[PDB]
Amino acid sequence: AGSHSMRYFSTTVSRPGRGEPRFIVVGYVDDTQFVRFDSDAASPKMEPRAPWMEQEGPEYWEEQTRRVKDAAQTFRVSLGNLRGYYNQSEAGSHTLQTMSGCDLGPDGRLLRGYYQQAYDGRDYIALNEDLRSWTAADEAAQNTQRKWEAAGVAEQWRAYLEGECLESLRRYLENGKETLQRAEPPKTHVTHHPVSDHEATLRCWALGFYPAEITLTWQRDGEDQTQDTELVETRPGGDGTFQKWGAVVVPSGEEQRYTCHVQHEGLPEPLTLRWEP
Amino acid sequence: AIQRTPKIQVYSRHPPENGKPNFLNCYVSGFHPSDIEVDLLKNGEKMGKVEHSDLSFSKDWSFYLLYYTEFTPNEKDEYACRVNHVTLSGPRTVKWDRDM
Ligand SMILES: CCCCCCCCCCCCCCCC(=O)OC[C@H](O)CO
Ligand SMILES: [Zn+2]
Ligand SMILES: [Zn+2]
């Protein structure tokens with residue numbers, strides 16, 4: 001865990017004739033959510049979603065709410081411009097998603113700053129790693145790029161990403177240190193369920209781990225079985241941990257040929273597991 | 001616009017063992033656009049007290065949501081998650097498989 005990250009993920013969805021577009025933002029530090037804003041809430045404001053954010057004072061929340069409302073207005077204008085660029089109907093609903101944030105290196109340096117958008121689920125424009133140039137997906141985004149070059153948007157983001165972004169992330173990492181600077185290793189086990197009297201499903205479990213990144217692979221005599229492995233998406237426990245499993249269906253007499261390999265930041269050594277009857 | 005069908009997992013927070021309070025989770029992920037309907041079902045009946053996470057999304061911009069509720073399993077009851085989305089024919093029901 002030399003690198004830690006902060007991300008804001010915003011989703012703006014137009015609903016023409018059915019009100020102004022809906023705007024939702026969530027903030028994460030690594031794999032832990034810490035804030036939200038929902039434009040459809042009773043009193044829309046940035047709110048804490050981690051107990052270690054409840055010690056910020058009201059002026060912090062006021063500033064965060066103002067920034068989010070300002071961004072929301074820009075995104076509503078952007079949805080209108082994009083519909084026109086693509087010659088789309090005024091009646092349809094469309095989605096603008098944005099991601100921003102920073103990766104903080106172990107020495108305190110900016111490893112990477114991000115600002116990128118997708119339109120209707122496809123990459124649209126992205127701040128390049130140099131925080132001074134842009135990558136545009138098509139001519140629509142090349143037009144956005146020119147308007148942003150004219151307004152010095154890259155330099156506004158570079159200032160934030162190299163400064164306040166990292167300072168805020170540092171503060172969160174200290175305030176929520178006991179949650180965020182932990183590496184909870186997975187509790188692992190292998191189960192065995194016959195599927196006929198000649199074959200069995202071996203399932204390798206990883207439970208209760210944090211952060212979410214993990215590798216779980218079945219090997220047969222050292223050979224990767226990824227093509228014959230059912231591997232579910234890593235999923236949240238709901239308690240700040242994650243879960244995953246992978247399974248293979250094998251001939252009963254070959255069961256001891258199979259090993260499950262688990263790698264996770266919280267593990268001293270990568271794990272090699274087998275069905276233990 | 002890109003349309004991606006939701007993946008659906010229904011599972012408990014902790015290993016299920018009957019008479020012990022636990023959490024019933026339905027994780028729906030990989031979908032686009034963001035509008036979706038999700039219910040947790042006890043014996044085919046819609047459950048109350050079901051909360052959900054704030055809308056977020058993955059690196060490929062697909063959305064994910066956790067729906068969850070307190071519950072206490074036992075031998076009799078069956079649970080399931082029911083999801084509807086514009087990529088589906090109609091509401092899809094996935095039963096909770098409690099012995100994997
Ligand atoms: C993907 C979200 C990106 C923003 C959309 C919703 C606001 C989210 C709350 C604040 C996040 C950091 C944004 C605020 C950082 C900031 O104030 O500076 C910006 C640049 O300086 C351009 O002006
Ligand atoms: Zn004030
Ligand atoms: Zn067997």
Side-chain angles (χ1 to χ4, degrees), chain A residues 5-13 21-29 33-39 44-49 53 56-79 95-102 113-119 124-127 131-132 134 144 147-169 172 190-203 247-258 274-277, chain B residues 54-59 61:
Chain A
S5 65
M6 182 171 63
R7 298 280 187 275
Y8 288 90
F9 304 114
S10 74
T11 307
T12 309
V13 185
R22 187 171 183 188
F23 182 63
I24 300 161
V25 197
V26 295
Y28 283 80
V29 169
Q33 193 196 340
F34 71 102
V35 287
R36 78 175 176 201
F37 178 103
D38 184 351
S39 70
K45 65 186 198 306
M46 195 77 108
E47 318 179 301
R49 297 288 283 163
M53 286 297 298
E56 296 283 352
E59 284 296 317
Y60 167 91
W61 297 109
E62 265 177 32
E63 177 61 24
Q64 296 301 298
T65 296
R66 178 192 72 67
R67 292 184 186 177
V68 154
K69 283 180 176 176
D70 279 355
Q73 283 309 117
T74 302
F75 297 151
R76 296 186 177 100
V77 170
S78 291
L79 279 169
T95 304
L96 186 67
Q97 290 161 269
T98 74
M99 177 277 269
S100 68
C102 42
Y114 308 86
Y115 183 72
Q116 42 195 259
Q117 296 192 143
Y119 182 62
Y124 183 79
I125 193 167
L127 184 63
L131 314 184
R132 294 173 186 82
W134 303 94
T144 294
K147 303 209 296 201
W148 288 4
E149 290 167 332
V153 165
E155 307 62 39
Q156 308 169 234
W157 276 100
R158 184 178 83 83
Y160 163 82
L161 292 164
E162 285 174 343
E164 179 189 19
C165 193
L166 297 176
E167 297 156 17
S168 293
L169 177 52
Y172 303 148
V190 175
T191 64
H192 162 283
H193 288 97
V195 293
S196 71
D197 281 332
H198 301 78
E199 280 192 321
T201 304
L202 306 181
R203 180 167 296 105
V248 59
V249 174
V250 308
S252 303
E254 290 183 21
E255 281 163 22
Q256 292 307 311
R257 298 189 177 276
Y258 284 82
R274 46 177 65 261
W275 166 230
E276 271 159 9
Chain B
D54 304 321
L55 185 72
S56 190
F57 51 82
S58 310
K59 303 218 174 1
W61 305 101

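Chain letters run A, B, ... following the sequence lines, proteins first and then strands; every chain starts at 1. Counting starts at 1 for both ligands and their atoms, following the listed order.
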> Does this structure show an ion pair linking A/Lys45 with A/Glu47, if we count only N-O contacts that are shorter than 4.0 Å?
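Judged by the 4.0 Å cut-off on N to carboxylate O distance, A/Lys45 and A/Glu47 do form a salt bridge.
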> Within the 4.5 Å heavy-atom criterion, are A/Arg49 and A/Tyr28 side-chain neighbours or not?
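They are not in contact (no side-chain heavy atoms under 4.5 Å apart), so the answer is no.
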> Identify the protein heavy atom lying closest to atom 9 (C) of ligand 1, giving its residue, its atom name and the separation to 0.1 Å.
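It is A/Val68 CG2, 3.5 Å.
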> What atoms of ligand 1 come closer than 4.0 angstrom to any heavy atom of A/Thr98?
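Listed by number with element: 1 (C), 2 (C).
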> Using 2.8 Å as the cut-off, note every protein N, O or S atom close to the Zn ion (ligand 3).
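Counting only protein N, O or S atoms under 2.8 Å from the Zn ion (ligand 3), the list reads A/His192 NE2, A/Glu255 OE2.
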> Tally of protein N/O/S atoms under 2.8 Å from the Zn ion (ligand 2)?
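Every protein N, O or S atom under 2.8 Å from the Zn ion (ligand 2) counted, the figure is 3.
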> Could you list the atoms of ligand 1 found under 4.0 angstrom from a heavy atom of A/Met99?
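What qualifies from ligand 1 is 1 (C).
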> Side chain to side chain contact (heavy atoms under 4.5 Å, CB included) with A/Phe75: which of A/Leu96, A/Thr11, A/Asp70?
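Among A/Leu96, A/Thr11, A/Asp70, the one meeting side chain to side chain contact (heavy atoms under 4.5 Å, CB included) with A/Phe75 is A/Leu96.
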> Side chain, backbone, both or neither: which part of A/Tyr160 comes within less than 4.0 Å of ligand 1 when only heavy atoms are counted?
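It is the side chain that touches ligand 1; the backbone stays farther off.
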> Check the angle between the aromatic planes of B/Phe57 and B/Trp61 and answer parallel, tilted or perpendicular using the 30° and 60° thresholds.
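The arrangement is tilted - the two ring planes meet at 30° to 60°.
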> Could you check whether any side-chain heavy atom of A/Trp134 comes within less than 4.5 Å of a side-chain heavy atom of A/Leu127, counting everything from C-beta outward?
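They are in contact (side-chain heavy atoms under 4.5 Å apart), so the answer is yes.
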> Centroid separation under 6.0 Å, is that true for the rings of A/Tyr8 and A/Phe34?
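A/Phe34 vs A/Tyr8: aromatic centres under 6.0 Å.
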> Which atoms form the tightest heavy-atom contact between A/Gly101 and A/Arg7, and what is the distance?
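Minimum heavy-atom separation between A/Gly101 and A/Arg7: C-NH1, 4.1 Å.
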> Could you tell me, atom by atom, which parts of ligand 1 come under 4.0 Å of a heavy atom of A/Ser100?
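Counting from 1, the qualifying ligand atoms are 1 (C), 2 (C), 3 (C).
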> To check your reading of the model: name the closest protein heavy atom to atom 21 (O) of ligand 1, its residue, and the distance in Å.
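Nearest neighbour among protein heavy atoms for atom 21 (O) of ligand 1, to 0.1 Å: A/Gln156 O, 2.9 Å.
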> Out of A/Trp148, A/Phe75, A/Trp157, whose heavy atom sits nearest atom 5 (C) of ligand 1?
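It is A/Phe75 whose heavy atom sits nearest to atom 5 (C) of ligand 1.
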> Starting from atom 14 (C) of ligand 1, find the nearest protein heavy-atom neighbour and note its residue, name and distance.
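So the nearest neighbour among protein heavy atoms is A/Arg67 CD, 4.0 Å.
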> Shortest non-hydrogen contact from A/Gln256 to A/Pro277?
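Taking A/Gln256 first and A/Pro277 second, the nearest heavy atoms are NE2-CD, 4.1 Å.
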> Between A/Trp148 and A/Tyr115, how do the two ring planes meet: parallel, tilted or perpendicular, split at 30° and 60°?
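The rings of A/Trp148 and A/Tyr115 sit tilted, inter-plane angle from 30° to 60°.
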> Give the minimum heavy-atom separation between B/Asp54 and A/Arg36, together with the two atoms involved.
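The answer is OD1-NH1, 3.0 Å.
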> Counting heavy atoms only, which part of A/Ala71 comes closer than 4.0 Å to ligand 1: side chain, backbone, both or neither?
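Side chain only.
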> If you take all heavy atoms of A/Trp61 and A/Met53, which pair is closest and at what distance?
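That would be CZ2-O, 3.4 Å.
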> Is any side-chain N of the basic residue among A/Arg66 and A/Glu62 closer than 4.0 Å to the acidic one's carboxylate O?
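Result for this pair is no, no salt bridge flagged.
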> Side chains of A/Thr65 and A/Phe37: does their closest heavy-atom pair fall under 4.5 Å?
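A/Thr65 reaches A/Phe37 side chain to side chain.
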> Determine whether the side chains of A/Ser100 and A/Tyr160 contain a donor N or O and an acceptor N or O closer than 3.5 Å.
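On atom types as modelled, these side chains do not qualify, holding no pair under 3.5 Å.
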